Amino acid sequence: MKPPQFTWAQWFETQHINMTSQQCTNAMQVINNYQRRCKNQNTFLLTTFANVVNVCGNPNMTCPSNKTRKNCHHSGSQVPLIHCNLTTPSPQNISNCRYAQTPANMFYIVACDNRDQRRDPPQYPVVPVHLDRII
Ligand SMILES: Nc1ncnc2c1ncn2[C@@H]1O[C@H](COP(=O)(O)O)[C@@H](OP(=O)(O)O)[C@H]1O
């Protein structure tokens, strides 16, 4: 469930890397305005896109969320992150949704795949496409 204009990697960046505001309520409006619904929970990793791509270079492991998937990778190091949790839902007016922010330092497991041949930049052949877990 991502808008059509984004590749999975670009959506991953929009959802878990580019926190447009350190405040969850404002940061979430971007995600919410794009997916036409106020996401209940969402984690922003306080790290760089380049850092996550390199974690994609770590050993493949089974995805905690999906036992049938082997495209996940463990960060190896803990990173600061912000977890946004929906506090005030408005299915009729998304921009009105309010969130809480919960700071933490944890590991992350990301699923990575080959880039979108047509739309993802050639600079990164392998890109994160999903944030499986924060441990
Ligand atoms: N092992 C895996 N490899 C690639 N994509 C996966 C995956 N496990 C789950 N996904 C999906 O990739 C998308 C990434 O979003 P998130 O980072 O929010 O999970 C989600 O789908 P939808 O966005 O189609 O629901 C998610 O469910």
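Along the sequence shown, residues carry numbers from 1. Counting starts at 1 for both ligands and their atoms, following the listed order.
Of the protein's non-hydrogen atoms, the one nearest atom 1 (N) of ligand 1 is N71 OD1, 2.7 Å. Counting only heavy atoms of the protein, atom 13 (C) of ligand 1 lies nearest to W8 CZ3, 3.5 Å. For atom 23 (O) of ligand 1, the nearest protein heavy atom (residue, atom name, distance) is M1 N, 2.9 Å. Looking at atom 6 (C) of ligand 1, its nearest protein heavy atom turns out to be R69 NH2, 3.6 Å. Considering only non-hydrogen protein atoms, atom 12 (O) of ligand 1 sits nearest to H130 CB, 3.4 Å.
In this structure, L131 has a heavy atom closer than 4.0 Å to ligand 1.
At distances below 3.5 Å, at least one donor-acceptor pair connects side-chain atoms of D132 with backbone N or O atoms of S65.
At under 3.5 Å, a nitrogen or oxygen of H16, whether backbone or side chain, sits near a nitrogen or oxygen of ligand 1.
Side chains of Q101 and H83: a donor-acceptor N/O pair is absent below 3.5 angstrom, by distance only. At a cut-off of 3.5 Å, with distance as the only test, no side-chain donor of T20 or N18 sits close to an acceptor on the other residue.
Contacts between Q15 and ligand 1 below 4.0 angstrom, taking non-hydrogen atoms only, involve the side chain exclusively. Contact annotation for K39 and ligand 1: only side-chain heavy atoms (C-beta onward) come within less than 4.0 Å of the ligand.
Rounded to the nearest 0.5 Å, atoms CZ (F49) and CG (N54) are 10.5 Å apart.
For the two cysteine residues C112 and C72, the thiol sulfurs sit 2.5 Å or further apart.
Here is the list of ligand 1 atoms found below 4.0 Å of a heavy atom in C63: 1 (N).
Partner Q15 forms a side-chain contact (heavy atoms from CB on, under 4.5 Å) with one of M28, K2, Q10, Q35 and no other, that one being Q35. For the pairing with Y99, the side chain to side chain donor-acceptor pair (under 3.5 Å) check across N42, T88, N32 returns one residue only, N32.
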